[PDB]
2 protein chains.
Amino acid sequence: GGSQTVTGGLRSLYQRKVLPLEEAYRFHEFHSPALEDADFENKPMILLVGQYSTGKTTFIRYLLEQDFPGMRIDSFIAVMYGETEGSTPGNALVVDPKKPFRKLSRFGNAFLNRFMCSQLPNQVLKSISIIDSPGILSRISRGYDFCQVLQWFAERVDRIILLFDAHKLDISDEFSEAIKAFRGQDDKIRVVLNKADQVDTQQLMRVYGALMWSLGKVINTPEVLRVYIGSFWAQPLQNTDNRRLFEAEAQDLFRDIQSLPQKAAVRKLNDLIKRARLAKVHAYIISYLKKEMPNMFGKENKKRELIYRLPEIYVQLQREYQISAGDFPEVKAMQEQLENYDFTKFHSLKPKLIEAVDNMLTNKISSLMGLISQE
Amino acid sequence: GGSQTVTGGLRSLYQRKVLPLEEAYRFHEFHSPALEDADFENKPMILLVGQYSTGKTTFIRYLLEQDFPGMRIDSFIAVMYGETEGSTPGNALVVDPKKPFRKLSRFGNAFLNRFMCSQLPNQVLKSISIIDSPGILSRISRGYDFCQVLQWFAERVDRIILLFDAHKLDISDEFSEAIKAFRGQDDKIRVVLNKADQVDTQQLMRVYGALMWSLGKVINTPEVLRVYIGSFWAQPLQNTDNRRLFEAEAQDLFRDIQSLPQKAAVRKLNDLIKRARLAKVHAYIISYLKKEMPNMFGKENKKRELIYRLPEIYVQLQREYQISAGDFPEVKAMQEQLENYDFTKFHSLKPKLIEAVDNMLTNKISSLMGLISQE
Ligand SMILES: Nc1ncnc2c1ncn2[C@@H]1O[C@H](COP(=O)(O)OP(=O)(O)O)[C@@H](O)[C@H]1O
Ligand SMILES: Nc1ncnc2c1ncn2[C@@H]1O[C@H](COP(=O)(O)OP(=O)(O)O)[C@@H](O)[C@H]1O
Ligand SMILES: [Mg+2]
Ligand SMILES: [Mg+2]
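Residues numbered from 1 in each chain as written, not as in the entry; some residues may be left out. Chains lettered and ligands numbered in written order. Heavy atoms only, no water. Residues with missing side-chain atoms left out of burial classes, pairs and counts.

- Method information in the entry identifies X-ray crystallography as the source of the structure, with 3.268 Å recorded as the resolution.

## Some points on the nonpolar core
Here is step 1 of the chain: Residues A:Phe153 and B:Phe153 are the most contacted members of the largest nonpolar core, which totals 106 residues.
Here is step 2 of the chain: In this structure, A:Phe153 is in contact with A:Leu47, A:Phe76, A:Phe101, A:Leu104, A:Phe115 and A:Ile131, ignoring residues within four places of it in sequence.
Here is step 3 of the chain: Of all hydrophobic cores here, the second largest spans 46 residues; its members include B:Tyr14, B:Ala283, B:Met334 and B:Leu353. (Core = buried A, V, L, I, M, F, W, Y, C linked by side-chain atoms within 4.5 Å. Buried < 20%, exposed > 50% of the residue type's maximum accessible area, 1.4 Å probe, protein only. Contact = heavy atoms within 4.5 Å.)

## Comments concerning the coordination of the magnesium ion (ligand 4)
Here is step 1 of the chain: Coordination of the magnesium ion (ligand 4) by the protein is provided by B:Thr57 (OG1) and B:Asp132 (OD), with metal-donor distances spanning 2.3 to 2.4 Å. As far as burial versus exposure is concerned, B:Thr57 and B:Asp132 are alike and both buried. (Donors = N, O, S within 2.8 Å, 3.2 Å for Na, K, Ca; no water.)

## Remarks on the side chain of B:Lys268
Residue and element names in this part refer to chain B.
Here is step 1 of the chain: Residue position: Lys 268 is located in helix α10 (residues 243-292).
Here is step 2 of the chain: Buried within the structure, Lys 268 lacks any salt-bridge partner; its nearest side chain of opposite charge belongs to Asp 271, at an N-O separation of 6.5 Å.
Here is step 3 of the chain: Setting aside chain neighbours within four positions, we find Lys 268 in contact with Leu 10, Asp 39, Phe 40 and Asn 42. (Helix = DSSP H or I, 4+ residues; strand = E, 2+ residues; numbered from the N terminus. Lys, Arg positive; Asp, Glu negative; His and termini not counted. Salt bridge = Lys/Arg side-chain N within 4 Å of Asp/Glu carboxyl O.)

## Side note on the domain arrangement of chain A
All names here are of chain A.
Here is step 1 of the chain: When its domains are assigned, chain A resolves into domain 1 (1-45 + 261-375) and domain 2 (46-260).
Here is step 2 of the chain: Taken together, the contacts link nine residues of domain 1 with 19 residues of domain 2.
Here is step 3 of the chain: Carbon and sulfur atoms supply 52% of the area buried between domain 1 and domain 2, which totals about 1100 Å² over both sides.
Here is step 4 of the chain: In this assembly, domain 1 and domain 2 are joined by one salt bridge.
Here is step 5 of the chain: With a shortest N-O distance of 2.5 Å, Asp 158 and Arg 267 are connected by a salt bridge.
Here is step 6 of the chain: Here the side of domain 1 that touches domain 2 gets five residues from one element, more than from any other, and that element is helix α10 (residues 243-292).
Here is step 7 of the chain: When its residues are assigned to classes, the side of domain 1 that touches domain 2 shows four nonpolar, one polar and four charged. (Domains from an automatic or database assignment. Buried area = accessible area lost by both parts, 1.4 Å probe. Nonpolar A, V, L, I, M, F, W, Y, C, P; charged D, E, K, R; others polar.)

## Some details on the site of ligand 1
Residue and element names in this part refer to chain A.
Here is step 1 of the chain: Close to ligand 1 lie 15 residues; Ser 53, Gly 55, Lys 56, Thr 57 and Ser 231 are nearest.
Here is step 2 of the chain: Contact between ligand 1 and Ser 53: an oxygen atom at 2.5 Å from a main-chain N or O atom of the residue.
Here is step 3 of the chain: Here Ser 231 contributes a side-chain N or O atom positioned 2.9 Å from a nitrogen atom of ligand 1.
Here is step 4 of the chain: The protein chains hide 79% of the 570 Å² of surface that ligand 1 would expose on its own.
Here is step 5 of the chain: The element contributing the most residues to the shell around ligand 1 is helix α3 (residues 56-64), with three residues.
Here is step 6 of the chain: Classifying every residue of the shell around ligand 1 gives four nonpolar, nine polar and two charged. (Near = heavy atom within 4 Å. Polar contact = N/O pair within 3.5 Å; in protein donor to acceptor, adjacent residues only side chain to side chain. Areas by Shrake-Rupley, 256 points an atom, 1.4 Å probe, with all protein chains shown as cover.)

## Considerations on the relation of the copies chain B and chain A
Here is step 1 of the chain: Of the two same-sequence chains, chain B is brought onto chain A (RMSD 0.0 Å, axial shift 0.0 Å) by a rotation of 180°. Taken together, these values place the two copies in the relation of a two-fold axis.
Here is step 2 of the chain: The share of interface residues of chain B whose copies in chain A are also at the interface is 100%, consistent with both copies meeting through the same surface. (Least-squares fit on C-alpha atoms.)

## Points about the site of ligand 2
All names here are of chain B.
Here is step 1 of the chain: Residues in close proximity to ligand 2 total 15 residues, the closest being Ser 53, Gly 55, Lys 56, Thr 57 and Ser 231.
Here is step 2 of the chain: At a separation of 2.2 Å, an oxygen atom of ligand 2 approaches a polar backbone atom of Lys 56.
Here is step 3 of the chain: Between ligand 2 and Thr 58 there is a distance of 3.2 Å, counted from an oxygen atom to a backbone nitrogen or oxygen.
Here is step 4 of the chain: The leading source of residues in the shell around ligand 2 is helix α3 (residues 56-64), at three residues.

## Description of the environment of B:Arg114
Residue and element names in this part refer to chain B.
Here is step 1 of the chain: By the element assignment, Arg 114 lies in the loop between α5 (109-112) and β4 (115-119).
Here is step 2 of the chain: Given a relative accessible area of 42%, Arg 114 falls into the partly exposed group.
Here is step 3 of the chain: For the pair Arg 114 and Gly 90, spaced 24 residues apart in sequence, the C-alpha to C-alpha distance is 7.1 Å.
Here is step 4 of the chain: Once you skip the residues sitting within four places of it in the chain, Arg 114 turns out to touch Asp 74, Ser 75 and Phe 76.

## Focus: the packing of aromatic side chains
All names here are of chain A.
Here is step 1 of the chain: Summed over all chains, the structure comprises 43 aromatic pairs over all chains.
Here is step 2 of the chain: Arranged with centres 5.8 Å apart and planes meeting at 70°, the rings of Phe 59 and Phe 232 form a pair that is edge-to-face.
Here is step 3 of the chain: On the accessibility criterion, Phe 232 (2% relative accessible area) is buried.
Here is step 4 of the chain: Through a chain of ring-to-ring contacts, the aromatic side chains of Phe 76, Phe 101, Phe 107, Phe 111, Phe 115, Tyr 144, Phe 146, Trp 152 and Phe 153 assemble into a single cluster.
Here is step 5 of the chain: Geometry around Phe 146 places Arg 142 over its ring, the cationic atom sitting 3.9 Å from the centre. (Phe/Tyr/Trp six-rings, centres within 6.5 Å; stacked < 30°, edge-to-face > 60°. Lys NZ or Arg CZ within 6 Å of the ring centre and 35° of its normal.)

## Side note on the pairing of strand β7 (residues 189-194) of chain A
Residues and elements named next belong to chain A.
Here is step 1 of the chain: Burial within β7 is extensive, with six of its six residues counted as buried.
Here is step 2 of the chain: Side chains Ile 189, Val 191 and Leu 193 project from β7 onto one buried face, and the interleaved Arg 190, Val 192 and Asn 194 project onto a second face that is buried too.
Here is step 3 of the chain: With respect to chirality, the unit in which strand β6 (residues 159-165) leads through helix α8 (residues 173-181) into the neighbouring parallel β7 is right-handed.
Here is step 4 of the chain: Inspection of the sheet shows β7 paired to strand β8 (residues 227-229) by three bridges, in the parallel sense. In the sheet register, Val 192 faces β8, and the bridge partner there is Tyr 228.
Here is step 5 of the chain: Between β7 and its parallel partner β8, the chain crosses via helix α9 (residues 201-219), and the hand of that crossover is right-handed. (Right-handed = clockwise from strand over helix to strand, strands pointing away. Pairing = 2+ DSSP bridges.)

## Some points on the pattern of salt bridges
Here is step 1 of the chain: Per the counting criterion, the structure on display carries 38 salt bridges over all chains.
Here is step 2 of the chain: The shortest N-O distance in the salt bridge between A:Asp132 and A:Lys56 comes to 3.6 Å.
Here is step 3 of the chain: Judged by relative accessible area, which is 6%, A:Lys56 ranks as buried.
Here is step 4 of the chain: Of the charged contacts in the structure, one is a salt bridge between A:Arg255 and A:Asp252, with a shortest N-O distance of 3.1 Å. Of this pair, A:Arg255 and A:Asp252 both sit in helix α10, three residues apart, roughly one helical turn.
Here is step 5 of the chain: A relative accessible area of 52% places A:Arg255 in the exposed class.
Here is step 6 of the chain: The structure contains a network of salt bridges with shared partners spanning A:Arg206, B:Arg226, B:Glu249, B:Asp252 and B:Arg255.

## Brief notes about helix α1 (residues 2-24) of chain B
Residues and elements named next belong to chain B.
Here is step 1 of the chain: Helix length check: α1, at 23 residues, gives a terminal C-alpha distance of 33 Å against a target of 33 Å (1.5 Å per residue), a fit within 8%.
Here is step 2 of the chain: Taken as a whole, α1 carries its principal kink of about 45° at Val 18; the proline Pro 20 stands between one and four residues after it.
Here is step 3 of the chain: Where α1 is buried, its residues meet α2 (27-30), α10 and α14 (351-373). (Expected span 1.5 Å × (residues − 1). Bend = angle between axes of the 7 residues up to and from the residue.)

Below you can see the structure in the form of structure tokens.
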């Protein structure tokens, strides 16, 4: 709801202020194409990795506080918002251009047959999407590369939740192999020690301790991971000795997840800023190239002189516009592309378009970050 | 007290039954010398490794339930039993032949000046000895190799206790370097998470979790370590939310330490058994060598034939005495030593002496293990 206003504000600011400066200097043919409305309406995703019978399917029902189609308390499920409670098989989901699952077609039927999108109107899903994963075992035989599909979600997911069972902590080689496939994205990982009320207090310490022991043994990062310890479902507690703990841990978890759409808003706001800066540089470059072109003859001779002297051009522009060499595009990649452009057809500099962007960066953004601040 | 009877029983059984079979065939000149009474009166030792201000000195006062000389709540201290409360500086301790600290002389004054033996009549010390260690810091500058002296205690100690502070868990590089020096003896290690009542329940989980995380990150062993979580001193509890836990953990700790003298008794009982078996083999070998020697001439010629055919002798004896080739001494090491012996001066086989040992192994040991069983 509130972050749908943020989404609208970003799209608006981009189309009114940034996009015209990209189109004026063919930004989209050099670097990246125009941003579609899909680039803005992204809800942060969560990947649930956990062995069989850990409680992932219940964990989802616990957050949503509601059932979802084809939940059945094994395959991949993408739980997302939807006007009506419905289910979409994977073979059809990977064709939907309004879904991030279009690239998943590379794994094929053996995977698609074990892939589904369950939709339902639920508050949680208005803000984020949950991707359940098949329960890892503790033999093997899947007609798709299970460790590569897991890897693929991890790179496009905002949060990864390793799920472990305090009643039966049995980290398997397959699970460990999956965790080693998530490395390089440890900041996305959190852990959940479920069914904590099933064991007595001493046993919880042995299990929880043996968990961290073997995790750090695997991830080999000085940055210890966060483990939310509790019993995550609607049922009563068995071993109430740590009731207060399990409740604070659940609140710490709800706060983590509830922050994801906010963190995403900022990430998008920063990406829009960086894009708007790159567009400025691109406009200053093309403009200078146009400025120097002769009024009539020696056009192809001047074009090649500019391309060869492009490194000097960069420094020329950095100084007379106080801009960083960091948001400049790579020198050689430009030169390779500037070969294919009639320099004389470029547009002279349009101060009207740059002012529109600089007025966005100085004034218009301070308010959005204020709209994000009001959680 | 009770394990002083075990000590006496072992010494008695060795002197009455084993030692005469070793002396009859010069066992002590080939393999290992006669066992002194010191070889039996060993009390298991404990090495306390822990950073500064963790509470080691209090931890010791907690177990003993009593002060000890020069405790001062930094240097090595060997807390051991003693008729009277006294203190012995290190420069004099390393000269005492009735102390295992005679080899420590290799590190010298810079270490000896930071080494002491505090004695006192205390029940705990009748059974075991505690070796406090200087508090590791969290700079460096000691005039002795701190990581080599620690290593030296670890190899002769029965139990190593890593001590950590839940109020300020700051594993330092020096401490980690020490823990890496204990590897290869992980079975001796236990951990103690002290001051657990100082933090709230959630913070305990973060600290305890971060501990195991970085420990397994260091020791790299699939065998997770045991961490006794509590507040180990006579004072009341601050955060009573986990009173029951901290009490069971302390009892689990007292049971671990209280078992050490029993485990040692068994280790000695097994070592005596293995020695008595090796003595038998040695007696059968020397006897056979004597048996084959000619009654008069060709003595040096026969001696060399036997030594060369000694591998065949081993198999000859293994079969006609149903004994394992495992407790046989190395073939070549014997041959190198059998050069220096007038074979004709050996003694013929003495069935009287072997029966004395076999009667010890069949009958006399079943009772000692019963004396150990009665904890
Ligand atoms: N918080 C909990 N405490 C104890 N048992 C639970 C809890 N949550 C789920 N379970 C049990 O664990 C089983 C596994 O549930 P499910 O989530 O379907 O498996 P998976 O997590 O592998 O999808 C269920 O039968 C349920 O009864
Ligand atoms: N169980 C405990 N809980 C809280 N504080 C403690 C506990 N035991 C000791 N302390 C405090 O920690 C400090 C360090 O004590 P000491 O054992 O002398 O240091 P070290 O362990 O480095 O020898 C002491 O001043 C004491 O007040
Ligand atoms: Mg599931
Ligand atoms: Mg101390």
